[PDB]
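Q: got the complex split up, this is the first portion:
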Amino acid sequence: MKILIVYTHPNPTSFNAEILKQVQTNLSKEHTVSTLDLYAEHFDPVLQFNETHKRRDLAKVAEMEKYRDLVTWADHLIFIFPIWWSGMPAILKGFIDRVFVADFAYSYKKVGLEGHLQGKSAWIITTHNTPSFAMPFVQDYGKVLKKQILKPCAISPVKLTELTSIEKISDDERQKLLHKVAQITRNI
(Lines give C-alpha, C1' and ligand atoms only; values in the text may rest on other atoms or scores of the structure.)
Protein backbone atom coordinates (compact mmCIF):
# COMPACT_ATOMS: atom_id res chain seq x y z
CA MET A 1 0.00 0.00 0.00
CA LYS A 2 0.86 3.71 -0.04
CA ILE A 3 2.51 4.74 3.20
CA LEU A 4 3.06 8.25 4.54
CA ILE A 5 5.29 8.66 7.57
CA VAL A 6 4.72 12.00 9.29
CA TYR A 7 7.80 12.52 11.48
CA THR A 8 8.09 15.26 14.17
CA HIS A 9 11.33 16.11 16.01
CA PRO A 10 13.83 19.01 15.83
CA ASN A 11 16.89 16.78 16.29
CA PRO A 12 18.16 14.44 13.48
CA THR A 13 20.04 12.36 16.07
CA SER A 14 17.17 12.04 18.53
CA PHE A 15 15.65 8.79 19.74
CA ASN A 16 12.65 9.65 17.60
CA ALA A 17 14.99 9.89 14.59
CA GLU A 18 16.06 6.37 15.51
CA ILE A 19 12.41 5.29 15.64
CA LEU A 20 12.00 6.78 12.16
CA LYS A 21 14.94 4.70 10.91
CA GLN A 22 13.51 1.46 12.31
CA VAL A 23 10.23 2.09 10.51
CA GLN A 24 11.81 3.16 7.20
CA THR A 25 14.18 0.18 7.03
CA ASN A 26 11.60 -2.43 8.12
CA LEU A 27 8.69 -1.48 5.84
CA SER A 28 8.30 -4.13 3.14
CA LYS A 29 9.59 -3.25 -0.34
CA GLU A 30 6.05 -3.90 -1.65
CA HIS A 31 4.86 -0.65 -0.04
CA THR A 32 5.50 2.74 -1.61
CA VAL A 33 6.73 5.07 1.10
CA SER A 34 7.03 8.82 1.57
CA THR A 35 8.49 10.47 4.65
CA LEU A 36 7.26 13.89 5.68
CA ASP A 37 9.78 15.48 8.05
CA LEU A 38 7.94 18.51 9.38
CA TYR A 39 11.01 20.20 10.87
CA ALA A 40 13.06 19.55 7.72
CA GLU A 41 10.19 20.90 5.60
CA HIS A 42 10.24 24.12 7.60
CA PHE A 43 6.52 23.52 8.01
CA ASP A 44 4.57 26.57 9.17
CA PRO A 45 1.94 25.31 11.63
CA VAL A 46 0.18 28.63 12.26
CA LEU A 47 -3.38 28.55 10.89
CA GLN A 48 -4.44 31.87 9.35
CA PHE A 49 -7.92 32.98 8.54
CA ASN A 50 -10.10 36.06 8.70
CA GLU A 51 -12.49 38.13 6.58
CA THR A 52 -10.06 38.45 3.74
CA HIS A 53 -9.10 34.75 3.54
CA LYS A 54 -12.12 32.94 4.94
CA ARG A 55 -12.04 29.84 7.02
CA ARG A 56 -14.40 28.22 4.46
CA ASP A 57 -11.66 28.28 1.79
CA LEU A 58 -8.97 26.68 3.94
CA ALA A 59 -9.09 23.47 1.84
CA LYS A 60 -7.93 25.55 -1.13
CA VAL A 61 -4.94 27.33 0.47
CA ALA A 62 -2.05 26.91 -2.01
CA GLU A 63 0.86 26.54 0.42
CA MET A 64 -0.92 23.48 1.93
CA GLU A 65 -1.67 21.70 -1.38
CA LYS A 66 1.46 19.49 -1.26
CA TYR A 67 0.40 18.12 2.10
CA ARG A 68 -3.24 17.58 1.20
CA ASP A 69 -1.94 15.56 -1.75
CA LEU A 70 0.33 13.42 0.44
CA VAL A 71 -2.61 12.66 2.73
CA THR A 72 -5.04 11.88 -0.13
CA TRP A 73 -2.41 9.68 -1.78
CA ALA A 74 -1.66 7.65 1.37
CA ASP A 75 -3.47 4.49 2.49
CA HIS A 76 -1.73 4.34 5.84
CA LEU A 77 -0.28 7.17 7.92
CA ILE A 78 2.46 6.58 10.53
CA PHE A 79 2.92 9.39 13.05
CA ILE A 80 6.14 9.60 15.05
CA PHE A 81 6.56 12.25 17.78
CA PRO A 82 7.50 12.81 21.41
CA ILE A 83 4.83 13.82 23.91
CA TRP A 84 5.34 17.52 24.69
CA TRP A 85 3.05 18.84 27.40
CA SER A 86 0.72 15.84 27.13
CA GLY A 87 0.43 16.03 23.36
CA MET A 88 1.70 16.72 19.87
CA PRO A 89 4.56 19.20 19.44
CA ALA A 90 3.23 22.50 18.07
CA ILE A 91 4.48 21.91 14.51
CA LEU A 92 2.49 18.66 14.34
CA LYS A 93 -0.57 20.24 15.98
CA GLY A 94 -0.51 22.88 13.23
CA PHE A 95 -0.07 20.25 10.55
CA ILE A 96 -3.47 18.96 11.66
CA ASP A 97 -4.90 22.46 12.13
CA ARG A 98 -3.86 23.48 8.62
CA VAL A 99 -4.14 20.26 6.59
CA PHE A 100 -7.10 18.43 8.18
CA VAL A 101 -9.60 21.11 7.18
CA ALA A 102 -13.33 21.05 6.40
CA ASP A 103 -14.21 19.90 2.88
CA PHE A 104 -10.98 17.88 2.78
CA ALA A 105 -10.58 15.71 5.88
CA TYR A 106 -14.23 15.99 6.85
CA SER A 107 -17.41 18.02 6.43
CA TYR A 108 -20.21 19.12 8.76
CA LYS A 109 -23.38 17.04 9.06
CA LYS A 110 -26.82 17.98 10.43
CA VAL A 111 -25.16 17.01 13.69
CA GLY A 112 -21.48 16.13 14.15
CA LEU A 113 -18.85 15.52 11.48
CA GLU A 114 -18.72 13.34 8.36
CA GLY A 115 -15.17 12.05 7.84
CA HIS A 116 -13.79 12.10 4.29
CA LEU A 117 -10.60 10.12 4.79
CA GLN A 118 -12.24 6.71 4.66
CA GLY A 119 -10.07 3.93 3.29
CA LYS A 120 -7.09 5.04 5.36
CA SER A 121 -5.58 3.51 8.48
CA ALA A 122 -2.92 4.87 10.86
CA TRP A 123 -0.25 3.99 13.39
CA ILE A 124 0.80 6.37 16.15
CA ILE A 125 4.22 5.89 17.75
CA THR A 126 4.91 8.21 20.66
CA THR A 127 7.59 8.56 23.35
CA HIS A 128 7.25 10.06 26.81
CA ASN A 129 8.76 9.90 30.29
CA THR A 130 5.59 8.93 32.23
CA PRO A 131 5.30 5.43 33.81
CA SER A 132 2.67 3.11 32.33
CA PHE A 133 0.86 2.66 35.66
CA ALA A 134 0.05 6.38 35.44
CA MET A 135 -1.44 6.37 31.92
CA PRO A 136 -5.10 5.71 32.72
CA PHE A 137 -4.94 8.77 35.00
CA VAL A 138 -3.56 11.24 32.42
CA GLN A 139 -5.26 13.25 29.65
CA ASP A 140 -4.30 12.98 25.89
CA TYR A 141 -0.79 11.53 25.44
CA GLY A 142 -1.77 10.55 21.89
CA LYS A 143 -5.38 9.70 22.75
CA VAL A 144 -6.54 13.02 21.23
CA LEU A 145 -4.91 12.35 17.85
CA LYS A 146 -6.30 8.80 17.80
CA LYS A 147 -9.76 9.21 19.30
CA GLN A 148 -10.65 12.83 18.52
CA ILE A 149 -8.78 13.68 15.30
CA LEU A 150 -8.02 10.66 13.10
CA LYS A 151 -11.14 8.66 14.00
CA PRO A 152 -13.65 11.51 13.39
CA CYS A 153 -11.97 11.85 9.95
CA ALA A 154 -12.91 8.22 9.19
CA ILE A 155 -9.34 6.94 9.45
CA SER A 156 -9.64 3.41 10.88
CA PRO A 157 -8.03 1.49 12.43
CA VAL A 158 -5.58 3.56 14.47
CA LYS A 159 -2.95 1.65 16.45
CA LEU A 160 -1.37 3.55 19.33
CA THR A 161 2.07 2.51 20.55
CA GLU A 162 3.43 4.41 23.55
CA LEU A 163 7.02 3.98 24.67
CA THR A 164 6.91 4.99 28.34
CA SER A 165 9.47 6.05 31.00
CA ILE A 166 11.62 6.59 27.91
CA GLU A 167 14.35 8.67 29.55
CA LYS A 168 14.43 6.77 32.85
CA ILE A 169 15.00 3.32 31.29
CA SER A 170 18.37 2.12 29.99
CA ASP A 171 20.01 2.06 26.58
CA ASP A 172 19.40 -1.72 26.69
CA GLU A 173 15.69 -1.21 27.41
CA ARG A 174 15.40 1.50 24.75
CA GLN A 175 16.95 -0.84 22.19
CA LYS A 176 14.38 -3.52 23.07
CA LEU A 177 11.65 -0.98 22.26
CA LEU A 178 13.30 -0.19 18.93
CA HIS A 179 13.27 -3.93 18.17
CA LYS A 180 9.57 -4.03 19.10
CA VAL A 181 8.93 -1.14 16.70
CA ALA A 182 10.91 -2.83 13.91
CA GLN A 183 8.90 -6.03 14.31
CA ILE A 184 5.53 -4.30 14.42
CA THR A 185 6.58 -2.54 11.20
CA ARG A 186 7.27 -5.85 9.44
CA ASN A 187 3.92 -7.22 10.59
CA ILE A 188 1.88 -4.58 8.74
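A: Structure received. Numbers count the residues shown, from 1 in each chain, chains lettered A, B, ... in the order given.

Q: list the buried ones in stretch A:147-167?
A: A:149-150, A:152-155, A:158, A:160-164, A:166 (16 or more other CB atoms under 10 Å). Bear in mind the C-beta positions are built from the backbone N, C-alpha and C, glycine included.

Q: do the same with stretch A:119-129
A: Here stretch A:119-129 shows A:120, A:121, A:122, A:123, A:124, A:125, A:126, A:127, A:128 as buried, counting by 16+ other CB under 10 Å.

Q: mind listing what residue A:143 touches?
A: residue A:160 (CB atoms under 8 Å, 6 or more residues apart in numbering).

Q: still on that earlier bit, I'd like the buried residues of stretch A:119-129 laid out as TSV, including distance to residue A:30 and secondary structure.
A: Formatted as TSV, those follow (distance: CB to CB, whole Å; DSSP: H, G, I helix; E, B strand; the rest coil):
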residue	distance to residue A:30	secondary structure
A:120	18	coil
A:121	16	strand
A:122	19	strand
A:123	17	strand
A:124	23	strand
A:125	21	strand
A:126	26	strand
A:127	28	strand
A:128	32	coil
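
Q: Need the max-distance pair from those residues.
A: A:120 and A:128 (25.4 Å; CB to CB).

Q: Identify, from the buried residues of stretch A:119-129, the entry nearest to residue A:188.
A: The closest of the buried residues of stretch A:119-129, once distances to residue A:188 are taken by CB to CB, is residue A:123, at 7.9 Å.

Q: Please tell me how far the closest one sits from residue A:49.
A: 31 Å (CB to CB, to the nearest Å).

Q: Where do the helices of chain A begin and end?
A: Using DSSP state H, the helices of chain A run over A:15-26, A:65-73, A:90-99, A:143-144, A:171-186.

Q: if we can go back for a sec, if we only consider the buried residues of stretch A:119-129, which is nearest to residue A:25?
A: After measuring those against residue A:25 - CB to CB - the closest member comes out as residue A:125, at 14.5 Å.

Q: Just grab the bridge partners of the closest one for me.
A: residue A:80, residue A:161 (DSSP bridges).

Q: Pull the contacting residues for it.
A: Counting by CB under 8 Å, 6+ apart, the residues that residue A:125 touches are A:19, A:23, A:78, A:79, A:80, A:81, A:161, A:163, A:181.

Q: my guess is residue A:108 meets residue A:102, correct?
A: Yes. Counting by CB atoms under 8 Å, residue A:108 does reach residue A:102; the two are 6.6 Å apart.

Q: out of these two, which sits in the more crowded spot?
A: Using other CB atoms under 10 Å, the more surrounded residue of residue A:108 and residue A:102 is residue A:102, with 15 against 10.

Q: build in chain B:
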Amino acid sequence: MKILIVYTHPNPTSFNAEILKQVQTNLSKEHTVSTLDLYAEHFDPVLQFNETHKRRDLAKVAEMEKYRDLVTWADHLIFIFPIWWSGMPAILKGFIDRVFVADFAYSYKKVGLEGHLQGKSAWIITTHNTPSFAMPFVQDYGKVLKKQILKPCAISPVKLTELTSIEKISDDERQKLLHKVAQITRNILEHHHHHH
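A: Placing chain B onto the earlier chains gives this:
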Protein backbone atom coordinates in the same frame (compact mmCIF):
# COMPACT_ATOMS: atom_id res chain seq x y z
CA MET B 1 -1.99 42.81 40.79
CA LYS B 2 -0.10 42.23 37.50
CA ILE B 3 -2.16 40.45 34.84
CA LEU B 4 -0.92 38.91 31.62
CA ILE B 5 -3.61 38.12 29.03
CA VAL B 6 -2.42 35.52 26.54
CA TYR B 7 -4.75 35.84 23.53
CA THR B 8 -4.85 33.35 20.63
CA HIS B 9 -6.95 33.92 17.50
CA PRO B 10 -5.98 34.82 13.91
CA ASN B 11 -9.12 36.95 13.26
CA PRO B 12 -9.32 40.47 14.76
CA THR B 13 -13.09 40.41 14.20
CA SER B 14 -13.58 37.01 15.88
CA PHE B 15 -15.81 36.19 18.85
CA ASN B 16 -12.56 35.52 20.79
CA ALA B 17 -11.50 39.07 19.97
CA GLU B 18 -14.73 40.27 21.59
CA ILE B 19 -13.98 38.08 24.63
CA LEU B 20 -10.56 39.78 24.87
CA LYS B 21 -12.16 43.24 24.71
CA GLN B 22 -14.58 42.29 27.52
CA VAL B 23 -11.72 41.09 29.72
CA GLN B 24 -9.53 44.13 28.96
CA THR B 25 -12.35 46.60 29.50
CA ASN B 26 -13.59 45.09 32.80
CA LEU B 27 -10.37 44.46 34.72
CA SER B 28 -10.10 46.71 37.78
CA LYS B 29 -7.91 49.78 37.18
CA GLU B 30 -5.86 48.80 40.25
CA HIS B 31 -4.32 46.04 38.15
CA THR B 32 -1.51 46.45 35.68
CA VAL B 33 -2.61 44.54 32.60
CA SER B 34 -0.52 43.42 29.64
CA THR B 35 -1.98 41.65 26.62
CA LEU B 36 0.05 39.19 24.55
CA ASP B 37 -1.51 38.77 21.10
CA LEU B 38 0.36 35.71 19.87
CA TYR B 39 -0.85 36.17 16.28
CA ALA B 40 -0.12 39.91 16.19
CA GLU B 41 3.41 39.22 17.52
CA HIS B 42 3.93 36.71 14.69
CA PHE B 43 4.99 34.34 17.48
CA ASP B 44 7.08 31.39 16.23
CA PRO B 45 5.66 28.33 18.02
CA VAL B 46 8.34 25.89 16.80
CA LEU B 47 10.61 24.59 19.56
CA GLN B 48 14.13 23.95 18.27
CA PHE B 49 16.87 21.85 19.82
CA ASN B 50 19.73 19.71 18.57
CA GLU B 51 23.38 18.93 19.27
CA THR B 52 24.32 22.55 18.60
CA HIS B 53 21.59 24.35 20.54
CA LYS B 54 21.10 21.91 23.39
CA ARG B 55 17.79 21.30 25.04
CA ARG B 56 19.58 22.03 28.32
CA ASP B 57 19.92 25.68 27.25
CA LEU B 58 16.26 26.38 26.39
CA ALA B 59 15.77 28.66 29.39
CA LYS B 60 18.39 31.00 27.88
CA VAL B 61 17.09 31.12 24.28
CA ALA B 62 17.24 34.79 23.29
CA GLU B 63 14.07 35.08 21.18
CA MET B 64 11.95 33.83 24.07
CA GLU B 65 13.36 36.16 26.70
CA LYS B 66 10.62 38.75 26.20
CA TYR B 67 7.99 36.08 26.90
CA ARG B 68 9.76 34.49 29.86
CA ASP B 69 9.88 38.00 31.35
CA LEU B 70 6.14 38.50 30.83
CA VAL B 71 5.34 35.29 32.71
CA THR B 72 7.73 36.10 35.56
CA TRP B 73 6.17 39.55 35.82
CA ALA B 74 2.57 38.26 35.91
CA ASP B 75 0.68 37.47 39.13
CA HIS B 76 -2.34 36.20 37.21
CA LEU B 77 -2.52 34.72 33.70
CA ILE B 78 -5.66 34.82 31.57
CA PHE B 79 -5.65 32.51 28.53
CA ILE B 80 -8.19 33.19 25.75
CA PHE B 81 -8.48 30.72 22.86
CA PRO B 82 -10.83 28.63 20.64
CA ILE B 83 -10.66 24.84 20.85
CA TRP B 84 -9.01 23.44 17.73
CA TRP B 85 -8.91 19.65 17.59
CA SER B 86 -9.66 19.24 21.32
CA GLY B 87 -7.02 21.71 22.50
CA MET B 88 -4.79 24.73 22.00
CA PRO B 89 -4.19 26.27 18.59
CA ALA B 90 -0.70 25.28 17.46
CA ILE B 91 0.58 28.83 18.02
CA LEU B 92 -0.41 28.67 21.73
CA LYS B 93 0.78 25.08 22.20
CA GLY B 94 4.15 26.34 20.94
CA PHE B 95 4.05 29.26 23.40
CA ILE B 96 4.02 26.66 26.18
CA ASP B 97 6.55 24.44 24.35
CA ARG B 98 9.05 27.28 23.97
CA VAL B 99 8.48 29.49 27.05
CA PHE B 100 7.48 27.04 29.80
CA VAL B 101 10.82 25.20 29.80
CA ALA B 102 12.87 23.37 32.44
CA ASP B 103 14.86 25.67 34.73
CA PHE B 104 12.23 28.33 34.12
CA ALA B 105 8.66 27.10 34.67
CA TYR B 106 9.70 23.85 36.35
CA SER B 107 12.62 21.58 37.23
CA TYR B 108 13.09 17.93 38.11
CA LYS B 109 12.76 16.68 41.68
CA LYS B 110 14.42 13.46 42.84
CA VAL B 111 11.17 11.84 41.71
CA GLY B 112 8.67 14.29 40.18
CA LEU B 113 8.65 17.87 38.94
CA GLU B 114 8.81 21.02 41.03
CA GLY B 115 6.95 24.00 39.61
CA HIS B 116 8.69 27.37 39.85
CA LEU B 117 5.77 29.63 38.90
CA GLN B 118 4.37 29.56 42.42
CA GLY B 119 2.48 32.62 43.59
CA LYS B 120 0.66 32.80 40.26
CA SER B 121 -2.94 31.94 39.44
CA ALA B 122 -4.75 31.56 36.12
CA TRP B 123 -8.02 31.82 34.23
CA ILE B 124 -8.63 29.93 31.00
CA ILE B 125 -11.43 31.02 28.68
CA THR B 126 -12.15 28.54 25.90
CA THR B 127 -14.76 28.48 23.15
CA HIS B 128 -15.98 25.44 21.22
CA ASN B 129 -18.88 23.77 19.40
CA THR B 130 -19.27 20.74 21.65
CA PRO B 131 -22.14 20.30 24.16
CA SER B 132 -21.19 20.90 27.78
CA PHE B 133 -22.45 17.48 28.91
CA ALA B 134 -19.68 15.93 26.82
CA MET B 135 -17.01 17.80 28.78
CA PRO B 136 -16.39 15.26 31.58
CA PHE B 137 -15.93 12.64 28.83
CA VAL B 138 -13.67 14.23 26.21
CA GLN B 139 -9.89 14.33 26.40
CA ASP B 140 -8.35 17.78 26.93
CA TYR B 141 -10.65 20.64 25.84
CA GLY B 142 -8.59 22.92 28.09
CA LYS B 143 -8.15 20.31 30.83
CA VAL B 144 -4.58 19.55 29.77
CA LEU B 145 -3.51 23.21 30.09
CA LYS B 146 -5.24 23.47 33.48
CA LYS B 147 -4.38 20.08 35.01
CA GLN B 148 -1.30 18.94 33.14
CA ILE B 149 0.55 22.16 32.29
CA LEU B 150 -0.31 25.10 34.53
CA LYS B 151 -0.82 23.06 37.70
CA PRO B 152 2.47 21.13 37.48
CA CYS B 153 4.26 24.52 37.10
CA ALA B 154 2.79 25.47 40.51
CA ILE B 155 0.24 27.91 39.12
CA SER B 156 -2.87 27.86 41.33
CA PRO B 157 -5.61 28.21 41.52
CA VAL B 158 -6.66 27.76 37.89
CA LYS B 159 -10.19 28.52 36.76
CA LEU B 160 -11.49 26.98 33.58
CA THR B 161 -14.41 28.69 31.82
CA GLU B 162 -15.85 26.83 28.85
CA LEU B 163 -18.07 28.60 26.33
CA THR B 164 -19.90 25.60 24.71
CA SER B 165 -22.06 25.08 21.59
CA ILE B 166 -20.60 28.52 20.86
CA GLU B 167 -21.63 28.50 17.18
CA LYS B 168 -24.98 26.69 17.52
CA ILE B 169 -26.40 29.13 20.09
CA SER B 170 -28.11 32.41 19.13
CA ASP B 171 -26.46 35.82 18.89
CA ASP B 172 -28.42 36.68 22.06
CA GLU B 173 -27.11 33.66 23.96
CA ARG B 174 -23.58 34.58 22.89
CA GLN B 175 -24.05 38.14 24.18
CA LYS B 176 -25.21 36.62 27.47
CA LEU B 177 -21.95 34.66 27.44
CA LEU B 178 -20.02 37.94 27.06
CA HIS B 179 -21.93 39.22 30.11
CA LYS B 180 -20.69 36.23 32.09
CA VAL B 181 -17.05 36.91 31.14
CA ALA B 182 -17.41 40.63 31.89
CA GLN B 183 -18.81 39.86 35.35
CA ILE B 184 -16.25 37.18 36.31
CA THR B 185 -13.61 39.68 35.14
CA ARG B 186 -14.90 42.34 37.52
CA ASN B 187 -14.37 39.98 40.46
CA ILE B 188 -10.69 39.58 39.72
CA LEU B 189 -9.40 41.56 42.69
CA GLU B 190 -6.71 41.39 45.34
CA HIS B 191 -8.34 40.28 48.59
CA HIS B 192 -10.36 43.00 50.35
CA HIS B 193 -10.10 45.33 47.36
CA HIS B 194 -13.00 46.52 45.23
CA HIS B 195 -13.31 47.14 41.49
CA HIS B 196 -11.85 50.45 40.24
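
Q: quick recheck of the contacts of residue A:143 now chain B is there?
A: Counting by CB atoms under 8 Å, 6 or more residues apart in numbering or on different chains, residue A:143 touches A:160, B:139.

Q: redo that, cut-off 10 Å
A: Applying CB atoms under 10 Å, 6 or more residues apart in numbering or on different chains to residue A:143 gives the contacts A:86, A:87, A:124, A:135, A:160, A:162, B:86, B:139, B:140.

Q: again with residue A:130
A: So residue A:130 contacts A:83, A:86, A:137, A:138, A:141, A:162, A:164, A:165, A:166, A:168 (CB under 10 Å, 6+ apart).

Q: For residue A:110, what are phi and psi?
A: phi -40, psi -50 (degrees, to the nearest 10).

Q: re the thing from before, JSON lines please, covering the contacts of residue A:130 and showing distance to chain B.
A: Output for these, formatted as JSON lines (distance: CB to the nearest CB, whole Å):
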{"residue": "A:83", "distance to chain B": "10"}
{"residue": "A:86", "distance to chain B": "5"}
{"residue": "A:137", "distance to chain B": "10"}
{"residue": "A:138", "distance to chain B": "7"}
{"residue": "A:141", "distance to chain B": "9"}
{"residue": "A:162", "distance to chain B": "14"}
{"residue": "A:164", "distance to chain B": "16"}
{"residue": "A:165", "distance to chain B": "12"}
{"residue": "A:166", "distance to chain B": "14"}
{"residue": "A:168", "distance to chain B": "11"}
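
Q: Span of stretch A:72-85 from start to end?
A: 30 Å (CA to CA, to the nearest Å).

Q: Identify the residue spatially nearest to residue A:113, adjacent ones excluded.
A: Leaving aside its chain neighbours, residue A:113 sits nearest to residue A:106 (4.8 Å; criterion: CB to CB, 6 or more residues apart in numbering or on different chains).

Q: Show me what that neighbour is bridged to.
A: The partner residues for residue A:106, given DSSP bridges, come to residue A:102, residue A:115.

Q: how about it, what does it touch?
A: Here residue A:106 is in contact with A:100, A:112, A:113, A:114, A:115, A:116, A:117, A:149, A:152, A:153, A:154 (CB under 10 Å, 6+ apart).

Q: And for the second one, the neighbour number?
A: Other residues within reach of residue A:112, judged by other CB atoms under 10 Å in any protein chain shown, total 11.

Q: What is the neighbour count of residue A:22?
A: Residue A:22, neighbours per other CB under 10 Å, totals 20.

Q: swap in residue A:63?
A: Residue A:63, neighbours per other CB under 10 Å, totals 10.

Q: Apart from its neighbours in sequence, what residue is nearest it?
A: residue A:44 (7.5 Å).

Q: give the contact list for the one you found.
A: A:38, A:63, A:64, A:91, A:94, A:95, A:98, B:44, B:45, B:46, B:90.
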